[PDB]
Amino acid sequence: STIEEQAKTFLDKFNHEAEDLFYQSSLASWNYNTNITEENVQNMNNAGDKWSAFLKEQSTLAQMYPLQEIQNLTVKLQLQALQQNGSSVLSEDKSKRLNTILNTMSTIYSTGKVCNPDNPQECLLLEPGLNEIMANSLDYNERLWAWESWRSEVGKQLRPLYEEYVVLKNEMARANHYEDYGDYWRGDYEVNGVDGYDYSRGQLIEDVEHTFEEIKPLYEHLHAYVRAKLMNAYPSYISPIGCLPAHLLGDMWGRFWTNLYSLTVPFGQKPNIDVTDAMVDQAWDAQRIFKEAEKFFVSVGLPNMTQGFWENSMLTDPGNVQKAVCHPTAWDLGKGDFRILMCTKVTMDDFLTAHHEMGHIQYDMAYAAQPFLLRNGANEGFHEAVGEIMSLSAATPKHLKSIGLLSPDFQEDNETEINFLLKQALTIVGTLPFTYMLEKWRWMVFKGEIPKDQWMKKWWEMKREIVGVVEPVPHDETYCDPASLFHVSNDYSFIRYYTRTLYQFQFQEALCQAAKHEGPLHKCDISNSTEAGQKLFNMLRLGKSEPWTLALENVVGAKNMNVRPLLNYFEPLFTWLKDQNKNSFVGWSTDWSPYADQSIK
């Protein structure tokens, strides 16, 4: 009886006993994320503790089989992930305290509301409205309210909790032989043991900072172009030399400059690339948004959505009878249960996130035949990229005509290629400095480079330098503006969305070479090529069994992320923005503040 052979029997007993335990834990968390109730937070914690207690026994039993004896990397990868004493390293009180901090943070975000001092019952919460003010309002002082109130009422509740969440997560990662919690998060990209295809945790910091330096020129000319068109919308408010005020961007934080398109579209007289108004004229229901996204995946040969998906998913906002975490999430509950939790609207953004979260499910459905522990993407960036490869082809004007959202007799122009590429850059390019800075701050906080008395000082120092965004109101160390984002409050890594963006243009190149495309990289499409979907499926089905470095080589040809496919995707817009920015200053000043005084003494 070889150690390897008796370890496969152990993993066999694990893969079968874990199926139903993980399933009931996902069945409870789904009922809470859709029906926020204290009854469902006990049932969630009771089912989650059953799963965590089960994982502790299996982690202890898996330590009996030494990783050196097993020569089968599929078994070794399974045993390694099962062995690691994730939270067991912490004391019983520290594990319960961290779970209370992790729970209090998630609920404060999804239940926090700002109330009228005049009418206490007049409350506004982020998902229903504070987001709408920050998406459609054009008033400087109204946007300043939703921006400051969300950070002075909810972020202030999160400040002393985040300090404890850092020291607890850092004690956890160090007892797991990591430098800090940022290193623990960076281990998702780690590959060791495969010659010529390895990747260290520190290489991610190097490669991100090396690829981001090559996006700085394109971001600058987009930031200068957006500054100018924002001055016309907000006169005598933004300096021609200073940073963009944080409350004047697309959303509550500046994650996506998508909503600035109406204020920024170069040739606003052409037919709208934003097909939001067409979805209302051609009445489109949440169902059609996901049914049309189903046709895109069916077209590439990828499976149609399960019957249980349409029966058990929550695609519309339920109503006032119950509260739900309305952030777009995709659920692989286990045992073939695939769901999507989205409070879908009629906007084009929700049409493109439906493709993003269906790409999550299509990835989840592909590696379902893999063992339980290997049922995961090769890396977090691979999982978030799959849906973006589809939304990249779904937002093109050619695809928007086929679904009837554009005019049947629509004409493509050099002008229409520009205003489409700009809306792409507002979402894709505008998010990279925000994502790099948010992770760099957290990475430095976990490492201890930023002391506690300078969390908010360095946060806005970095947002002025890297992102070119200035705070409208001075923020003391009583704030925790990072935690005002779902991902920072709900213990989720953010470097996914940086690697995602670079992968989606590497994958689109290879996927559009499998399909016959003799044209430029933009206006591409793979919406009927059963050959490009198979080249995508042959990686979707692998899961985490093979390293992402090798999985990337077998699809795009490179074993590391490449920013050149991205810079080549926006080459028409980059040379165009450089022409339009001859009359404007490309760059920003870290010294101008909207709250600064205009007087000498």
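Note that residue numbering follows the sequence shown and begins at 1. So that the term is clear: the rigid core is the largest set of C-alpha atoms that superpose within 1.5 Å between two forms.
Between stretches 81 to 89 and 438 to 446, the one whose Cα atoms sit farther from the displayed model in 5 other deposited structures of this protein on average is 81 to 89 (core-aligned, root mean square). Put simply, when the other structures in 5 other deposited structures of this protein are lined up on the rigid core, the C-alpha atoms of 268 to 276 lie farther off than those of the other stretch, from 140 to 148 and 268 to 276. Of the two stretches examined, 454 to 462 and 81 to 89, the record assigns the greater average C-alpha temperature factor to 81 to 89. Of the two stretches examined, 238 to 246 and 288 to 296, the record assigns the greater average C-alpha temperature factor to 288 to 296.
Taking only the listed residues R255, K96, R227, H177, the entry reports the highest CA temperature factor at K96. Of all the options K401, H383, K440, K335, the entry's greatest CA B-factor is assigned to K401. Remark: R159 belongs to the middle third of its chain, ranked by C-alpha B-factor as recorded. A532 sits in the highest third of its chain by CA B factor, as recorded in the PDB entry. When the CA B factors of the chain's modelled residues are split into thirds, the value for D591 lands in the middle one. Remark: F54 belongs to the lowest third of its chain, ranked by C-alpha B-factor as recorded. Split the chain's modelled residues into thirds by C-alpha temperature factor. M134 is in the middle one.
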